[PDB]
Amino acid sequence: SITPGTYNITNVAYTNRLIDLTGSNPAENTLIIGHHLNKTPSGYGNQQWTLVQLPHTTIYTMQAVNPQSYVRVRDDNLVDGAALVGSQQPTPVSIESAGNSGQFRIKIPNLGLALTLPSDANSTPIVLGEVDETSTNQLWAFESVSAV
């Protein structure tokens, strides 16, 4: 399984789009979106995500570097089409390899729903969609940030 640490997370369909917390805003219910890299080499703190793992499982929490907001499904509403947002409390996710190449799905445990990016337009919000075998817009690549 993926090592605990800090990462930039890029979409497999749209390789110019990173997971991004809108405006670096710390407020409840701030939207999580797909957006162009915002500074070289590894973005500002709203494009860097720290993973904490439950040992001997694929269950994690995800938290931005600055401001320190967790990934959550809005209103804990675990259904097709619901928004992803920043919050003071996390939704637990299952991060699972999709084959022998470095790609992953980010799933809601036991429900057959996953994070998806529905267009390449800059600033498109990320939402839940149905799990399947062939859509590339629900696959994601992880690159370590050396930080410091």
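One rule holds for the numbers: they count along the sequence shown, beginning at 1.
Averaging C-alpha B-factors over each stretch, which comes out higher, 131 to 139 or 21 to 29? Higher of the two, by average CA B-factor, is 131 to 139.
Name the higher of the two by mean Cα B-factor in the PDB entry, 91 to 99 versus 118 to 126. 91 to 99 has the higher mean C-alpha B-factor.
Name the one of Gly86, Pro55, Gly34, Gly43 with the greatest CA B-factor according to the PDB entry. Checking the PDB record, the top C-alpha B-factor among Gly86, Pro55, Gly34, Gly43 is at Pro55.
Specify which of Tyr60, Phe104, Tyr70, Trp49 carries the largest Cα B factor in the deposited PDB entry. Spelled out: the listed residue with the top C-alpha B-factor is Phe104.
By the record's CA B-factor, is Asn66 among the lowest, middle or highest third of residues in the chain? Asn66: CA B-factor falls in the middle third of its chain.
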